[PDB]
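Asks: Quick one: structure below, then a few questions.
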Amino acid sequence: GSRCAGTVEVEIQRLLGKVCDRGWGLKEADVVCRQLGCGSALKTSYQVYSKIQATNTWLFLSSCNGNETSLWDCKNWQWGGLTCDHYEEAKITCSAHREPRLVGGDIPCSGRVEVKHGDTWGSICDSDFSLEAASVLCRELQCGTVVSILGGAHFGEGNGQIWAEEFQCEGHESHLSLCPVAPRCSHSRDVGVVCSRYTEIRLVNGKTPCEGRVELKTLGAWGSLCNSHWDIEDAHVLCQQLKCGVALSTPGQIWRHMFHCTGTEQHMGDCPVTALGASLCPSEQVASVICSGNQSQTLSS
Amino acid sequence: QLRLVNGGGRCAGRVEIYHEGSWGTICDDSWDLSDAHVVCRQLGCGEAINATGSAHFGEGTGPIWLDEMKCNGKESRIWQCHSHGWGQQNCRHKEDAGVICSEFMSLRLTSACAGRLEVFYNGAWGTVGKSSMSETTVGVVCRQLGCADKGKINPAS
Amino acid sequence: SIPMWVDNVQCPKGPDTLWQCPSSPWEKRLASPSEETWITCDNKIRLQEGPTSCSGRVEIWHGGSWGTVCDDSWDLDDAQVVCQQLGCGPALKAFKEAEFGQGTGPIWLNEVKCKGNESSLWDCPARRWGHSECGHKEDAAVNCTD
Ligand SMILES: *[C@@H]1O[C@H](CO)[C@@H](O)[C@H](O)[C@H]1NC(C)=O
Ligand SMILES: *[C@@H]1O[C@H](CO)[C@@H](O)[C@H](O)[C@H]1NC(C)=O
Ligand SMILES: [Ca+2]
Ligand SMILES: [Ca+2]
Ligand SMILES: [Ca+2]
Ligand SMILES: [Ca+2]
Ligand SMILES: [Ca+2]
């Protein structure tokens, strides 16, 4: 049902055919997705929507490293000459099969749902998107848990093609592509979601991209968060969120947000934050962090 | 099938329709005398005197699968009307439909159960002739009214 | 009277709790009722497209979306709970088949086994907030006392 999912089909000098799934590991599937430009492979199966004609010939792959830019670059691949007797076709479902995104939202992890059907992005009707589908959406975009589903085009109406598909997500799927979907609205009923990772925290004024003064953006204005309650656990989470490993030490307007991270959180959105009624903060007393810079480095108890 | 339950007779009580192995009652919604004429003529009880409802004959236990009756009266089957559906309950047993037909018959003694014999037919009460009134007939009356096994004939008081 | 704790609260988009909204610091000061905050929120339960206030299709709010309750096993007990939560008189009818029009948004509730004495519809035992195959033609409706 999409250009990045289904049974793989190989054509050489105008001949129908497919690939026998002998040793069809995730590496070869990833290679196929990479040469097809559909992200990374997720599942060696698909939801059957069309029918592919059976073919006598087959394509056999001995072994491919996985980093190859195309299937044709894999070492010692045999086209024909054997029979796929006890095996099947190399079914595959790459990521871009259902690649979602959030647009029209002021904060990072909120906006109108727009799932891309391989190449073309499209909105979703508010009646064809449940809590489980939204929860998978927030998870796939590394935006934490879902906070709310806003219907009736809360983030505006998105021009394009509205998908009639209805996602029957179980809730624990890591991608919207893995979710079973049942194909069968108006732009005024476009669905929007709000995830829990709304923090929008970064590091500014540092000699290294993994170092600098802590700045946070709320109310549409970047501000210099200070170290009234900026403990080392907070700095550990910020470095982990920024893919900088762990923290080492903590040396516009000033935001008074108090972050209560336990140190094991992977993002600032997961951290319990308290900003109501927080006391004022000296201008010269602001928060900063120096991250280790080693992504392999991890915290310990 | 079709039957009337808890009306004191065969031609009175809640309307009951049998299908799918169970007996059900009507929702009473738009339950007019025209809708009662067809149910009374189905049983052969003649025309309908009253088209009651709102559990007038009691609370009918059983699924409700008949609502919004628009019978014209001329037809002779309750299920041939403009039924809302076979299972469209959307109602409660506290709103159960019941009918009273012309051929509903009731008996009483007026003067507890000592007095003039009165029979209720065609929606009207009236006396019963004393001619050829055997002791068996008086016994049948008393046993019917549930206050004796026999009885005696008395002069008018 | 009650002293004022916090002032100048500015909630950004994304937090669902007031504790994450930056504002002026906590201060214990006496405040007149003029600068106090009085808020009248609309309850999660509501009826729309009805001749009166307490008649129409049943709609609930959950997860930022105004959903609708399917008319599966939608009897007077469910309507009794809805009317009591709305704050008006006892239910008169529990309509089905989208009596007061097609609802908007998703469907949160279906097959609600209310006992007729629940304070709110959220206490009724049923499969809640999704996993519903009901369409918008099966939207339940409630008719309460004026
Ligand atoms: C039935 O209808 C008659 C008039 O046709 C009326 O006199 C009588 O009171 C009614 N009885 C009931 C129980 O409705
Ligand atoms: C609610 O019920 C009353 C009587 O049961 C009826 O008069 C009224 O029209 C009903 N409201 C509707 C159908 O909106
Ligand atoms: Ca802290
Ligand atoms: Ca009625
Ligand atoms: Ca009805
Ligand atoms: Ca009628
Ligand atoms: Ca119920």
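Just remember, in the structure tokens the first chain shown is A, the second B, etc., residues are 1-based per chain, and ligands are 1-based in the order shown.
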Residues contacting ligand 1 - anything with an atom at most 9 Å away, using only C-alpha atoms and all ligand atoms - can you give me those as an MDAnalysis selection string?

Replies: chainID B and resid 48:52 56 99:100 123:124

Asks: For the selection you just gave me, I'd like the residues written to a file as a compact mmCIF listing (two decimals), in the first residue's frame, keeping N, CA, C and O atoms.

Replies:
```txt
# COMPACT_ATOMS: atom_id res chain seq x y z
N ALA B 48 -60.25 -2.34 20.45
CA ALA B 48 -59.51 -1.98 21.65
C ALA B 48 -60.22 -0.84 22.37
O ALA B 48 -60.59 0.16 21.75
N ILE B 49 -60.40 -0.99 23.68
CA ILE B 49 -61.04 0.04 24.49
C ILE B 49 -60.02 1.05 25.01
O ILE B 49 -60.22 2.26 24.92
N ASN B 50 -58.90 0.56 25.54
CA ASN B 50 -57.86 1.42 26.09
C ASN B 50 -56.50 0.97 25.56
O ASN B 50 -56.28 -0.22 25.32
N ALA B 51 -55.60 1.93 25.37
CA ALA B 51 -54.21 1.67 25.01
C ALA B 51 -53.35 2.24 26.12
O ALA B 51 -52.88 3.38 26.04
N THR B 52 -53.14 1.45 27.17
CA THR B 52 -52.44 1.91 28.36
C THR B 52 -50.93 1.88 28.13
O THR B 52 -50.45 1.61 27.03
N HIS B 56 -48.54 0.16 33.20
CA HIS B 56 -49.87 0.17 33.81
C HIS B 56 -50.26 -1.22 34.30
O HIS B 56 -51.00 -1.34 35.29
N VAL B 99 -52.57 -2.99 26.70
CA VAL B 99 -53.82 -2.68 26.03
C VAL B 99 -54.98 -3.33 26.77
O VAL B 99 -54.81 -4.30 27.51
N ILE B 100 -56.17 -2.78 26.55
CA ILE B 100 -57.42 -3.36 27.03
C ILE B 100 -58.36 -3.44 25.84
O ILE B 100 -58.62 -2.43 25.17
N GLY B 123 -66.09 -2.87 27.96
CA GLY B 123 -65.80 -1.64 28.68
C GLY B 123 -66.90 -1.17 29.60
O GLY B 123 -66.81 -0.04 30.10
N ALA B 124 -67.92 -1.98 29.86
CA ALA B 124 -69.03 -1.58 30.71
C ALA B 124 -69.35 -2.69 31.69
O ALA B 124 -69.18 -3.88 31.39
```

Asks: List all protein, DNA and RNA residues that have any atom at most 8 Å from ligand 3, counting only C-alpha atoms and all ligand atoms, and write the list as a PyMOL selection string.

Replies: chain A and resi 229-234+258-261

Asks: Just to be explicit: take each residue in the selection above, keep N, CA, C and O atoms, and write the result as a compact mmCIF listing (two decimals), in the first residue's frame.

Replies:
```txt
# COMPACT_ATOMS: atom_id res chain seq x y z
N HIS A 229 17.85 26.31 41.69
CA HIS A 229 17.59 24.90 41.95
C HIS A 229 18.24 24.00 40.90
O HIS A 229 17.82 22.85 40.74
N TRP A 230 19.25 24.50 40.19
CA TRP A 230 19.93 23.74 39.14
C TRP A 230 20.99 22.87 39.80
O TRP A 230 22.14 23.27 39.96
N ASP A 231 20.60 21.65 40.17
CA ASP A 231 21.52 20.72 40.80
C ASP A 231 22.31 19.98 39.71
O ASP A 231 22.13 20.20 38.51
N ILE A 232 23.21 19.08 40.13
CA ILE A 232 23.97 18.30 39.18
C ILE A 232 23.10 17.29 38.43
O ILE A 232 23.39 16.97 37.27
N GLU A 233 22.04 16.78 39.07
CA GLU A 233 21.14 15.86 38.38
C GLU A 233 20.45 16.54 37.20
O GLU A 233 20.26 15.92 36.15
N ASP A 234 20.07 17.81 37.37
CA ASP A 234 19.51 18.56 36.25
C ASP A 234 20.52 18.68 35.12
O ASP A 234 20.18 18.49 33.95
N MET A 258 12.31 25.66 38.25
CA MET A 258 13.01 24.73 39.13
C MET A 258 12.85 23.33 38.57
O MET A 258 11.73 22.80 38.51
N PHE A 259 13.96 22.72 38.17
CA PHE A 259 13.96 21.38 37.60
C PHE A 259 14.32 20.38 38.69
O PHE A 259 15.35 20.52 39.36
N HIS A 260 13.46 19.38 38.88
CA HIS A 260 13.62 18.37 39.93
C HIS A 260 14.07 17.03 39.36
O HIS A 260 13.60 15.98 39.80
N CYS A 261 14.97 17.05 38.38
CA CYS A 261 15.44 15.81 37.77
C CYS A 261 16.10 14.91 38.80
O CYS A 261 16.80 15.37 39.71
```

Asks: Find the residues near ligand 7. Use a cut-off of 6 Å, count only C-alpha atoms and all ligand atoms, and write them as a PyMOL selection string.

Replies: chain C and resi 73-75+77-78+112-114

Asks: With a distance threshold of 10 Å and counting only C-alpha atoms, extract the residues of chain B near chain C and express them as JSON, numbers by chain.

Replies: {"B": [88, 89, 90, 91, 92]}

Asks: Next, the residues of the selection above should be written as an mmCIF file, in the first residue's frame with N, CA, C and O atoms.

Replies:
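The resulting again.cif:
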```
data_model
loop_
_atom_site.group_PDB
_atom_site.id
_atom_site.type_symbol
_atom_site.label_atom_id
_atom_site.label_comp_id
_atom_site.auth_asym_id
_atom_site.auth_seq_id
_atom_site.Cartn_x
_atom_site.Cartn_y
_atom_site.Cartn_z
ATOM 1 N N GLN B 88 -34.484 -2.392 18.692
ATOM 2 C CA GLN B 88 -34.268 -0.987 19.013
ATOM 3 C C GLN B 88 -34.954 -0.638 20.327
ATOM 4 O O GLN B 88 -35.993 0.030 20.332
ATOM 5 N N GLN B 89 -34.382 -1.095 21.444
ATOM 6 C CA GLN B 89 -35.032 -0.923 22.739
ATOM 7 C C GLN B 89 -35.184 0.551 23.091
ATOM 8 O O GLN B 89 -36.298 1.085 23.114
ATOM 9 N N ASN B 90 -34.063 1.226 23.362
ATOM 10 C CA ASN B 90 -33.995 2.650 23.686
ATOM 11 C C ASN B 90 -35.046 3.083 24.707
ATOM 12 O O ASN B 90 -35.386 4.267 24.787
ATOM 13 N N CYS B 91 -35.535 2.147 25.514
ATOM 14 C CA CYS B 91 -36.635 2.414 26.435
ATOM 15 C C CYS B 91 -36.432 1.562 27.684
ATOM 16 O O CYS B 91 -35.393 0.916 27.854
ATOM 17 N N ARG B 92 -37.434 1.558 28.562
ATOM 18 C CA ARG B 92 -37.351 0.860 29.834
ATOM 19 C C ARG B 92 -38.645 0.100 30.089
ATOM 20 O O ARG B 92 -39.694 0.408 29.518
#
```

Asks: List all protein, DNA and RNA residues that have at least one atom no more than 8 Å from any atom of ligand 6, counting only C-alpha atoms and all ligand atoms, and write them as JSON, numbers by chain.

Replies: {"B": [29, 30, 31, 32, 33, 34, 35, 68, 69, 70, 71, 72]}

Asks: Please report the interatomic distance between atom CA of residue 236 of chain A and atom CA of residue 102 of chain A in Å with one decimal.

Replies: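 For atom CA of residue 236 of chain A relative to atom CA of residue 102 of chain A, the distance reads 27.6 Å.
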
Asks: Find the residues around segment 50-63 of chain C up to 6 Å (only C-alpha atoms counted), leave out those fewer than 5 positions away in its own chain, and share them as a compact mmCIF listing (two decimals) with N, CA, C and O atoms, in the first residue's frame.

Replies:
```
# COMPACT_ATOMS: atom_id res chain seq x y z
N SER A 148 -2.30 15.58 25.31
CA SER A 148 -3.68 15.78 24.88
C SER A 148 -3.75 15.65 23.37
O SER A 148 -2.77 15.90 22.66
N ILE A 149 -4.93 15.27 22.88
CA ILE A 149 -5.24 15.25 21.46
C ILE A 149 -6.22 16.38 21.19
O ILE A 149 -7.34 16.38 21.71
N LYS C 44 -16.94 18.70 32.06
CA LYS C 44 -16.60 17.78 30.98
C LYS C 44 -17.84 17.25 30.28
O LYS C 44 -17.81 16.97 29.08
N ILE C 45 -18.94 17.09 31.01
CA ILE C 45 -20.19 16.59 30.46
C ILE C 45 -20.99 17.77 29.92
O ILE C 45 -21.08 18.82 30.57
N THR C 68 -17.70 11.93 22.03
CA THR C 68 -19.11 11.59 22.12
C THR C 68 -19.23 10.15 22.60
O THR C 68 -18.37 9.31 22.32
N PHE C 100 -30.05 13.82 18.13
CA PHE C 100 -29.81 15.26 18.01
C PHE C 100 -28.62 15.57 17.12
O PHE C 100 -27.86 16.51 17.38
N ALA C 140 -25.03 8.63 21.31
CA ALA C 140 -26.09 8.63 22.31
C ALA C 140 -26.56 10.06 22.59
O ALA C 140 -25.86 11.04 22.33
N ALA C 141 -27.77 10.16 23.15
CA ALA C 141 -28.36 11.44 23.48
C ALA C 141 -29.15 11.30 24.78
O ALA C 141 -29.57 10.21 25.16
N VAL C 142 -29.35 12.43 25.45
CA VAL C 142 -30.00 12.46 26.75
C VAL C 142 -31.06 13.56 26.76
O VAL C 142 -30.87 14.64 26.18
N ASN C 143 -32.18 13.28 27.43
CA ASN C 143 -33.28 14.24 27.58
C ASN C 143 -33.61 14.33 29.06
O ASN C 143 -34.22 13.41 29.62
N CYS C 144 -33.21 15.43 29.70
CA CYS C 144 -33.44 15.62 31.12
C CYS C 144 -34.59 16.60 31.35
O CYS C 144 -35.16 17.17 30.42
```

Asks: So, with only C-alpha atoms and all ligand atoms as the atoms that count, which of B:28, B:106, B:85, B:37 lies closest to ligand 2?

Replies: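 So, comparing all the options, the nearest one is B:28.
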
Asks: Pick out the closest residue to residue 169 of chain A from this set: C:103, C:3, C:64, C:130. Count only C-alpha atoms.

Replies: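 Checking each candidate against residue 169 of chain A, we get C:130 as the closest.
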
Asks: Counting only C-alpha atoms and all ligand atoms, figure out which residue out of C:135, C:92, C:86, C:104 gets nearest to ligand 4.

Replies: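 Checking each candidate against ligand 4, we get C:92 as the closest.
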
Asks: Hey, what does DSSP flag as alpha helix (DSSP H) within segment 38-146 of chain C? Can you give it to me as a count of residues only?

Replies: 11

Asks: Name the closest residue to residue 106 of chain C among the candidates C:26, C:19, C:66, C:5; distances are taken between atoms, counting only C-alpha atoms.

Replies: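 Closest to residue 106 of chain C of all the choices is C:66.
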
Asks: Counting only C-alpha atoms, what is within 6 Å of residue 216 of chain A, bar same-chain residues fewer than 3 positions away, as a list in words?

Replies: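 In the requested form, the answer reads residues 201, 222 and 223 of chain A.
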
Asks: Write out, as a PDB file, in the first residue's frame, the residues just selected, with N, CA and C atoms.

Replies:
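File selection27.pdb, as written:
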```pdb
ATOM      1  N   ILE A 201      14.989  23.532  25.693  1.00  0.00           N
ATOM      2  CA  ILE A 201      16.142  23.978  26.463  1.00  0.00           C
ATOM      3  C   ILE A 201      17.404  23.708  25.652  1.00  0.00           C
ATOM      4  N   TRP A 222      13.276  33.480  24.659  1.00  0.00           N
ATOM      5  CA  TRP A 222      14.443  32.809  25.211  1.00  0.00           C
ATOM      6  C   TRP A 222      14.918  33.539  26.461  1.00  0.00           C
ATOM      7  N   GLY A 223      15.187  32.779  27.521  1.00  0.00           N
ATOM      8  CA  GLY A 223      15.638  33.361  28.766  1.00  0.00           C
ATOM      9  C   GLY A 223      16.775  32.552  29.356  1.00  0.00           C
TER      10      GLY A 223
END
```

Asks: One decimal, Å: what's the distance from atom CA of residue 167 of chain A over to atom CA of residue 133 of chain A, could you say?

Replies: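 According to the coordinates, atom CA of residue 167 of chain A and atom CA of residue 133 of chain A are separated by 6.2 Å.
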
Asks: Do a neighbour search on segment 101-104 of chain B at 8 Å with only C-alpha atoms, toss out local chain neighbours closer than 4 positions, and write the hits as an MDAnalysis selection string.

Replies: chainID B and resid 9:12 36:37 40 45:50 120:123

Asks: Quick one: residues within 7 Å of segment 64-77 of chain A, only C-alpha atoms, excluding same-chain residues fewer than 6 positions away - as an mmCIF file with C-alpha atoms, in the first residue's frame?

Replies:
```cif
data_model
loop_
_atom_site.group_PDB
_atom_site.id
_atom_site.type_symbol
_atom_site.label_atom_id
_atom_site.label_comp_id
_atom_site.auth_asym_id
_atom_site.auth_seq_id
_atom_site.Cartn_x
_atom_site.Cartn_y
_atom_site.Cartn_z
ATOM 1 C CA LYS A 27 20.834 -5.756 7.584
ATOM 2 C CA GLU A 28 19.704 -6.579 4.040
ATOM 3 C CA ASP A 30 18.093 -1.832 5.933
ATOM 4 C CA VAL A 31 20.220 -1.869 2.770
ATOM 5 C CA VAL A 32 17.074 -2.133 0.631
ATOM 6 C CA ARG A 34 18.639 2.845 2.180
ATOM 7 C CA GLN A 35 18.875 2.322 -1.581
#
```
